[PDB]
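Working notes for the structure below.
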DNA sequence: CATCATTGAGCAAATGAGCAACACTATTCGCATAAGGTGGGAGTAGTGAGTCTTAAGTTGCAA
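In full-length UniProt numbering, the protein residues as written are 7 to 47, 60 to 144.
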C-alpha cells in the first residue's frame, strides 16, 4: 500500500498532469486511448504521460477512469454511479448469497476505490 | 487400541444497506408596478300530490 505523502505528492502531480493534458497539449502518439480521450473534448506532462501510459497501458479501462477523474475532474460518486448503471450480473458470494445478479452501488464505490488505490499503487515507483 | 465420521461451533471474507455531515444549486416565495379605469349577471318559465306550518281573516261570545 502507498503512504499518504505519496498520495498527496503523486496526487498533485496527476492534478497538474491532467490539467496539462486536458487542455489538449498532448499528441496522438502517446496513446490511441489518450487520443480517444482527446476525441472526447509541458515536458512534465509528457514525462508523466509516458509513465502513466507505460504502467496503465495494459488495462485502458481504469486508465480511462483515471483520465475521467484527473483529466476531466469528475467526482468519484458519479463514476461509480454510471459504473453501477453499466453493470452486468456476476457471481458474488454476497451478503445475500452466491446468486447471479447486478451488484449494489456501494460495491461499485468499493471497486472504484480499490482500482484507484491499485492504480496509484502501480503508478508510484515509476 | 486407533480412527473417522459426525455432530457442534464459530470465524474471515465479502457485501448490501446505511449514515451523517458538509456543500452546493434548483426551486419557490414574496414583494412592485404611479395620468386614468369608482354598483353583475345569468337568473327558468311544460309537474303534481301531499303534508306540515304559519298567517291572516272571520266570528261567536262574554265582561
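Beta carbons are placed, not taken as given, at the ideal position from N, Cα and C, and that holds for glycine.
| query | result |
| --- | --- |
| Cα-Cα separation between residue 77 and residue 114, rounded to whole angstroms | 30 Å |
| Other residues of its chain near residue 27: CB distance less than 6 Å, five sequence neighbours each side excluded | 63, 89 |
| Delimiting residues of the alpha helix (DSSP H) encompassing residue 126 | 123-141 |
| Boundaries of the alpha helix (DSSP H) in which residue 61 is found, first to last residue | 61-73 |
| Unbroken alpha helix (DSSP H) run spanning residue 25, endpoints | 10-26 |
| Cβ-based burial, residue 126 [other Cβ within 10 Å; buried from 16] | buried |
| Nearest-angstrom Cα separation, counted from residue 136 out to residue 35 | 26 Å |
| Pick from 87, 121, 98 that is closest to residue 108, judged by C-alpha positions | 121 |
| Buried or exposed by the 16-neighbour rule on C-beta atoms within 10 Å, applied to residue 15 | exposed |
| For residue 68 and residue 123, the rounded distance between their alpha carbons | 33 Å |
| Where the alpha helix (DSSP H) through residue 91 begins and ends | Neither: residue 91 is in no alpha helix (DSSP H) and is coded neither H nor E. |
| Residue burial classification, residue 100 (beta-carbon count within 10 angstroms, cutoff 16) | exposed |
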